[PDB]
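The structure tokens that follow cover one protein chain in two forms, given apart as structure 1 and structure 2.
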Structure 1
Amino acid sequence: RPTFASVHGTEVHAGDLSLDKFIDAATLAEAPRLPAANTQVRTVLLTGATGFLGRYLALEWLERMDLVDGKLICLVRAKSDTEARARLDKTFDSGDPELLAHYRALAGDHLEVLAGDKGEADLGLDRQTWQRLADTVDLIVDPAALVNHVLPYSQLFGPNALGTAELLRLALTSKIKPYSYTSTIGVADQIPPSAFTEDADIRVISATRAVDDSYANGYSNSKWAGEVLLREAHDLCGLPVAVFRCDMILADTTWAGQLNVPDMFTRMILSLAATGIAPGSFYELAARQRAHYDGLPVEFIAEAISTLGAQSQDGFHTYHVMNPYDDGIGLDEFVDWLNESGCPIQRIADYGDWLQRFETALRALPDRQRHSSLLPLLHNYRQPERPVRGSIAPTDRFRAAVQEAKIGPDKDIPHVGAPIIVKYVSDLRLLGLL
């Protein structure tokens, strides 16, 4: 198997990630001469459907396949196909009867679940099944990743970089398949701000990257590696690619009991509500300064990835799925909205004093809350954040495409509002965390 050592073995280079380190010579020689998959999509392969974004993508693609009597195939980690299907059923059994009925209605005719693993040869599938996917899949939608902001690139390489290369083997066999990929705004950690754009080739703007133990270094490197591999594949055979670099993915209001419990935003809301104390400001003071939180609700993101993804046109397109507005809606407003919805929060004016008292209050929480709180991430809040008026990244290509496709209720990128924050509270209560 390809490994971090065989490919990269303190700094890594985009040039390290040639497809010949992952895929056999014959597959690569043949890829330029293969036909494209049919542009009328009737079979979709979705990874990560048990994940937070992935389950919303599963709903999108079940709905889209219902219109054309098609099939959604979900790759799910499990010891058997039976267990895999049970895991995905359980994902949609969250205390919302309408969600469960909607999923069950669509899944009966349009869902296949396969046990497998992106990091394994042939995605962990037997040769007959793998060949069937190679022959039939019209689109790959790939949000699956090990999302962990502490592990090194050496440990995330398997699921996130090699995993991309394994899906590319499938995309480059029998017929060339469009590939929709989720990356992260975090790749910008090592890129000059003026060069970090939707138009750029990631190999040009991020040719060399450092490997170290800083926050999310490994994860952001691993997501960069996927983008680089996709660029290599596009050079070889022109496969359509859509890369969606996402900001923080927020919970959304349609379905009850659907939260990304381990993510840092959920941990923050739970921690504020449970301790009842917030800082005067989460941001550097001037007075409290105008600030913007760069997050988008998941139903919007799933719809945009689906509508604007690689099946929708030819070429290689990168989109910054970010919230660009200078709207003054930041973390301090979220505290105010928590307070206004019956989750009382007292402000401690001095940030340092707040942080010390907050740590003490977190340790006093009962186990279930404490384990899902900000306690393990407090190190990241040692200094207040510098406020930004909009996003750190440009969004012109994404915003134009969202407007042109008339996506969502705003026919535009949405703003965050109080109902999003209130949904965190009502879901945390439903899940027994408040």
Structure 2
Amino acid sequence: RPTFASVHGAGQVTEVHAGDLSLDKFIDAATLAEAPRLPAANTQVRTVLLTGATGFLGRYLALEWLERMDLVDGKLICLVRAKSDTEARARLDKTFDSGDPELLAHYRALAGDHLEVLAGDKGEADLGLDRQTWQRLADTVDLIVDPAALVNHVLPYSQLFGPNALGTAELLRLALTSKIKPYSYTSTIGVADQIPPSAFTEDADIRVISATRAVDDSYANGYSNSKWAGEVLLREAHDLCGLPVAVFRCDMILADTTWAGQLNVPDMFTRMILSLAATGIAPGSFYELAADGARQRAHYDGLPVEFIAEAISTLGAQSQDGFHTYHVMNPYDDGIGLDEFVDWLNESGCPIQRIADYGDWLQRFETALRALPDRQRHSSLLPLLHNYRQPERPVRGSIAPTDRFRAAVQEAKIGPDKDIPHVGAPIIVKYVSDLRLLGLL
């Protein structure tokens, strides 16, 4: 099998190059030679392969695809990690049994005729699948939707290579066999960590603007490198056979209001809301104060999960030809930041008082967190407090450009706003109600 050492280490690896991620290292010559000669899958999608359905964004994508497949009497095939197909199906079923009877009924009804779950692993040859089954997927899948990844901000690229880079290449083997398949991929806006902002855009070829990258100790260095590698491989595949590709660079994915009991508990944002609610204390401002000591206008760049899933699905690779990259970010200079979230929590009846001095708040906050019972404390912000030692510098809008994504969302009239949504009080309040349902508050 291809490995991080084999691909990038041909001393230790201190830098990686886009050029090293050539398809010949991952895919056999016969497949590569044949790919440009193959026919395309039917433009009308009737079979979808979705990875990461047990994930937070992934489960929302599974609902979108189950609904879409229900329209056309089609099939959704989900690749899930488990020791057997039966166990894999049980894991997915559990994902949707969260204390919301309506969600459970909706999933069950759709799943009965439109869902197939296969146990597998992206890092393994043939996705860990039986060869005949892999061939069936190659023959029948009309779209690959691939949000699965190991999302870990502290691990090195050497360890994230298998699930995130090699895993992309394995899916590409499928996309390049029998019939050419559109591929929708989620990346991270964090790939910009090593790219000059003046050069970073949606339209750019990632291989050109990020040809060489460092391997080091900076935050999320490994994770961002791993996601970049998947984008590079997709670019190589597109040059080879023209497969339609949609890359969605995401960041903060928030909970949403339709279904109860659905949160990404370990996520830093979830931990922050639980912590504020449980302790009842917030700082005068989460952000740097102005010269006159006033609270400054700020914006929290995050988007609710249902909107993101709908956008990835509607604007994805099956929707048009070519290679398209989108920045799934909240671009508004709307004044809705962490301080506003605290105010919304209070308006909802969750009493949170402000401690004016940031340092004073931080010490009181750590003490209060330490005093919480184990179940709350374990899911709190305490293990991540080092990230909050200083107040945040406020930003008006997003750090990333969103011109292509916003225009596409507006053109497709996605969601209630027919545009990228703002974050509102219901999103924040949903964290509290869900935390209560889950037993954390």
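Basically, rigid core = biggest C-alpha set you can superpose within 1.5 Å across the two forms. By convention here, residues take numbers in order along the sequence of structure 1, the first being 1.
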Of 199, 109, 350, 93, which one has a Cα that moves 2 Å or more between structures 1 and 2 once the core is lined up?
350
When the rigid core is overlaid, by how much has the CA of residue 247 moved between structures 1 and 2, in Å to one decimal?
2.5
Once the core is aligned, what is the C-alpha displacement of residue 129 between structures 1 and 2? Give it in Å to one decimal.
0.1
In Å, how far apart are the CA positions of residue 271 between structures 1 and 2 with the rigid core superposed?
1.3
